[PDB]
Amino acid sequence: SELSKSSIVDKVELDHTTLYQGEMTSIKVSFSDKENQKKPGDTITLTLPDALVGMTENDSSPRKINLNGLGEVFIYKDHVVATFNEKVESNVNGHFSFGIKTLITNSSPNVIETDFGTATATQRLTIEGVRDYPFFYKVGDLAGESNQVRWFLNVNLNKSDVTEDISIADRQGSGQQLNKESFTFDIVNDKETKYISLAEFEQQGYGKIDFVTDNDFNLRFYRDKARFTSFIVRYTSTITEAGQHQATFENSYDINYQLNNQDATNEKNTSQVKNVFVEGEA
């Protein structure tokens, strides 16, 4: 039996109902065994709006969650399907979160009203539209269905002169696996713009990087070729078993640099990247 439009489904809740194009958020569907209808074979299945694509595996294959052997859920781009093959008793209580990514169709808002093909309330979802940088900042998001975290080290986007080398000590937060060979450098100045690998970065003498450990590194840009040059470091980390459960993923840095006619400045900080929960208990 299809428990969806049934009384079983208690709610399909999203953190906030105002999304931004490309935004990834977790949707949590809770369920309870009700008197009038209660199992073993039935299926609480949700149908997603064209505006919110569910995130499968990199293989495009279903993202599969498990509800304690009692059942498991499959997640597709078009819909999500929880099934309960066997092993039931007297009353089941559970839930299951899955991740979606708000399609990034361009517009400067788009309001939709959806109940997700459920007996639950219809929700009003709103997907809205879209120099002087600090000498250095770091941002990140999720690779999506890659199960990775993309990190960006934004170095000298204002293209100031530097009088010293630029030292960055990076200590990645927990739950991640540094992908040592995914480092790329976007180098820009008047003369040109280079998109090069870490290997080429060092063989051209822009600097060096030391992998203190497997999740820690030190990045140095040599003073002469860092003058009036901006560097955007792109690299990724993969989410581990222990990680996928975390609320957030983090990365901290300690940077030392000096600019024209100034005393060395030291800055550090920790970047956050919200994780999209994929749970499913009882």
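For every residue, the number given is its place in the sequence shown, counted from 1.
Per the record, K38 and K39 are separated by 1 to 3 deposited residues that are missing from the model. Going from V130 to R131, the model skips 4 to 9 deposited residues, which lack coordinates.
The PDB entry reports B-factors from which the mean C-alpha value can be compared for 70 to 78 and 153 to 161; the larger average falls on 70 to 78. Here the stretch with the larger average CA B-factor, out of 227 to 235 and 210 to 218, is 210 to 218. Looking at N147, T193, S97, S167, the one whose CA carries the top B-factor in the deposited record is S97.
Within the selection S90, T122, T126, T102, the deposited Cα B-factor values reach their highest point at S90.
In the PDB entry, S252 places in the lowest third of its chain by CA B-factor.
Among the modelled residues of its chain, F84 has a C-alpha B-factor that falls in the highest third according to the deposited record. Among all modelled residues in its chain, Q21 ranks in the middle third by Cα B-factor. Per-chain ranking of the deposited C-alpha B factor places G54 in the lowest third.
For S4, the recorded CA temperature factor ranks within the middle third of the chain's modelled residues.
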